[PDB]
Every structure is written in structure tokens, then in C-alpha cells.
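What follows is one chain in C-alpha cells, specifically the form deposited in one PDB entry.
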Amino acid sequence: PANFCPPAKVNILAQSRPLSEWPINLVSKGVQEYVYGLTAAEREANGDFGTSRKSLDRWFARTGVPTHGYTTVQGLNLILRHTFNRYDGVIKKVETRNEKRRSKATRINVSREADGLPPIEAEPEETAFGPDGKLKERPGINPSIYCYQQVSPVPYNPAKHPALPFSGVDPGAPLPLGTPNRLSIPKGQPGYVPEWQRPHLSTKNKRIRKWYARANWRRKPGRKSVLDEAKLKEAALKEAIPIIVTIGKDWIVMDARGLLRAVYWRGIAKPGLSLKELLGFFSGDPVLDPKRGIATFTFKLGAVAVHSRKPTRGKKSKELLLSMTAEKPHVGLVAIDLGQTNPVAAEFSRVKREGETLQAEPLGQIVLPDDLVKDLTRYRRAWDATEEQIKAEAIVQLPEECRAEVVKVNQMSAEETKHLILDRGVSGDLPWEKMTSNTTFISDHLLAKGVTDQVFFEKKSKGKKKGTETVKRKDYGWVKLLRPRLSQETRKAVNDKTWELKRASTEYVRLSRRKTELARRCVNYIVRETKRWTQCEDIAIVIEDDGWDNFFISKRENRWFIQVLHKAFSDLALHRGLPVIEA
């Protein structure tokens, strides 16, 4: 039973007026402002809006919320339902924490009563509402327009709104295909492939780009080309696939080529399909974001044959393997030990059904291919650069009282560390290069000079063994001694300040998307190699859950791709139905 509905995004070509001026947006905004600004008693009082005309009209009458001319039941049932569910979402967010605390309290109290100890006093349950009765965590306005059956997208016709500078395809005719034979384009004409490039052209089912695609002309370091946005815009607009959504007197026109590419790359259809049946692979209820200008379509329930599973763990995994091998008794596995050296390590095996037991048969071991490792390294360099820039900006814009403290924290060089150490009677002939975090050569030198008071001794518990161990203070411990810290008050401030600027810079989101895409590339490569190495269509992913001065600085590359690769591998259960054995 296919149950996943992935998205597809299309661009908006022409509007009657900005979406923020439509009555549906205004009524949504008003309803949300009303509901989020009322008490618990009023929510019960103002909660009989119903799913009917005779109830919605009275709700808008007594509450006083302006209807702004929007009086559609099928589009208001979404607005009211979403608003009240968002209202109820804070309450149960608080309730979940409350019931976690209640579960720990119940277990601790019953254990104490079994041991004879009286139950401990329970913690004061946090409340979702404030003093007067309003919600402390007030939800914000959702700036989205949810289309409905009565305003479903339809192919554009000249006898609909003839003011468009566009054209319109026949909804029943086959959709146009791109440039069929690019090698026969005359010289000096757009799309011309020069002779020298012709021998080394690609032979796979690569996505064809038109000559006016912005990816072909974007301002790159080594392009030596000129970008004319108007020319590419008009060239693209001459060959669009327009669809239209009409809500009341307003309308928007969307370019359906995004839907076309979505259906082509997924293989749910073949070239030679009409606009009526292109729209039939998606729901009739897209979502509009006015700030961007994107219409997000969602695949209809059945277009993508993905049964979204969840990452299994423990006993259930054994029966998962048994069920998989019961139908097809040849199942492939990949063991991703991504902790060591190169980002991804694999271990393929083919497992059969021995009645009730498993007999794994190894099939090899590979690593992440080199040509992808350069891409990962390039991304890491770019991400380090942008992280340094955003951190520097956050420090610069920090409040002056915290600015001075942070700046003074960030001068702790080796010479500055050595200065006060030498001032403490320590000689400079120490092997400064040769310390580790465990060495005590400074303490040994101080003791050899008779300086016993300065060498502080720490009593360390011997784990499970009773007794405390007296040890000379670590040299790295002396390093902590020389450096004052931010007393976990300024650290809070800089964290909140860097989160905001990290959200705000348009580069950080771009490199976050790039990290996600690179992780997905790694996962896709491993999945394809698992299929090719095991010769089985059904597979399963068994994931298993220098220098002295360099010790002063944080580790540049210690654990970066681990979490993103783990998330990408766990996403196969959510997006593509691949079983994931987290062990």
C-alpha cells in the first residue's frame, strides 16, 4: 500500500495582484490573530465553528472577525481547522513534557515504595497558559494559501483571461518535447554544439537543458560569458506550459514544466502525455507561499510507489529479515561503518532463509569513491570559510561588555601561555613540543625546584574500586588554569547570537542544502553499489548506530559528516521505503 506523497514545486508566471492582498489570505490572517489571542475558557466558548455554512456565518458574526468577502465553506474549513489545531499544539507540547516527568516520578515513587522509601514530592507541572490566561508560547501566522477542490489547477485557455502575454497548449494534445536533435542545429543558432565538444558527449539518460536555462549562464568564476536576464526570461516564456488557479476574482498562472521534470525523472510516466493527465498525477490542492512565488504540488496517493517505513531496532529486525526472505529468498545488506577514515565504509552480504535461521554470505567490501571525496572536501572548505565569517560577524556585533570578554578570551597563544608559566618559576628549556594532555613535565619541573605549593594535587576516584588517587596536576590542566572562561553566561549569549545570524545569512542555508545533497549522493551511490554487488532487488541497510600547538585549537575535521550521513541513511525508510536496521 503506497503511502508517500513527495512534493513538486513550480514557478508562478503571472498574477492578478500580490497574494497578500487576496481575501483568503486576509481571512486566514484575521482568524489566526483571533484564535491565538484568546484564553482557555474562550477557546471552549469560541469552538463551535463547525463544518457548515450556518455555523461558520454565526462564528464570524459573534466573534467579530471580518470575513473580508471570503465566504467559501470548503476553504474556510481548512483555515479554522488549522488555526485551532495550531492552538491545541502548544498545550500538548507542554503535556508531553509533563507526562514524561510524570512517568519518571511514577517509576521513582513505586521503586522507593518497593524499597520502603516514601514517594518523593512531585515536580510543579508547567502550564501552557500564562497568568491572565493567554498562551505564553503564542503561535505565529502561517503565510500559506491552501487551495481546495473548487479552485483546483486547470490548463490555461485563451478564453479565460486573455490579458496574458503568454500562449496556451491544447490540454488534450501531447505535451511538446524539447530540442529533438541538437547535433543538427545550424551554426550561429541557439543550442549549437561545437565540433570539438561533439566526440565527448554523454550517452546516458541525462536531463536535457535548454540553451536559456540559467544553470548554463550563471555567473561562475570561469565562464567568460554575459548574463542577459531579459533575453533568457523571454526565451523561456515563449515555451512555457501554463496552468491557472482562480480564487474568486483573483488568479495566478504557473509554469507546469516543474511538474513535467518531476514526472520524467521519477519514471512514473513517459514522454507523450497531455496536460490533463500531467495534472492528474498530483493533488488538486497546492500550497502557495506569497513571499517566494512557488506553488508546491504534492503527488497524488499512488503516483510514487513508496511504502514509508520507520527505522527498526532490536527483536523486530529479525522478523523483518524473515519476512523479507520469505517472499524473495535473496536479500542484500549494507553495513555502513561510517566512523573511520573515509566517510563511508560498506560490507555487503546476501542472506537466505534456512527455515528459521539466517546464513549471511559475504560479497565484498568497498569505500567511498575518490571522485566524491574531493567534492566533500571542497564543501568542507567552503563551510569552514562561511562558518568563520558568520562567527566573526557575530562576535563583532556582540554587546560591548561581552565583546571585550570574548575578545580577551581569544588571545591565549602558546607564547602568552608560556609567559606566566615562566613567571611561575618554570624554566623555558622544557620540551614544549613534546607535551600531551597526560604529561606533567611542568609539575615535575616545579617539584624539582622545591615548588610544591603551586603543584595542586587532585584526588581522583578509581572507578568502581574504592579509594582516591593523588596525581600531579596535568600540564593541560595548567593550561585550563591560565585561561579564564565565560562562566556559562556569555556563552549562552554568543550561542543565541550566532543562531540568529546563522538563520539570517543566505549562504548558511545554501551550504546546509549542499551538505544534505552531498549526503544523499553518498547514500545513493552506496545503494546502487549494493544492488550491483548483490544482484538482488530487495535490500536492507544495517547501519551500526597532529602537533602540540594544534591542541590549542578545536578539531577542524573530527565529526562532521557522521550525523548528516546517518540522517540521510535513516531517510531511506521515510522517503524510499528501504528497510534500515539500526544496530
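What we label the rigid core is the largest C-alpha set whose atoms superpose within 1.5 Å from one form to the other. Start at 1 and count along the sequence shown; that's the residue number.
There is another form of the same protein, the form deposited in another entry; it is not shown, and what comes next is about it.
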| Picking from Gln149, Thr179, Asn438, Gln189, which residue has its CA shift by 2 Å or more between this form and the one not shown, once the rigid core of the two forms is superposed? | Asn438
| By the 2 angstroms cut-off, has the C-alpha of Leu201 moved between this form and the one not shown once the rigid core is superposed? | no
| Threshold 2 Å Cα movement between this form and the one not shown at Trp533, rigid core reference | no
| query | Taking the rigid core as the reference frame, is the Cα of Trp251 displaced by 2 Å or more between this form and the one not shown? | reply | no
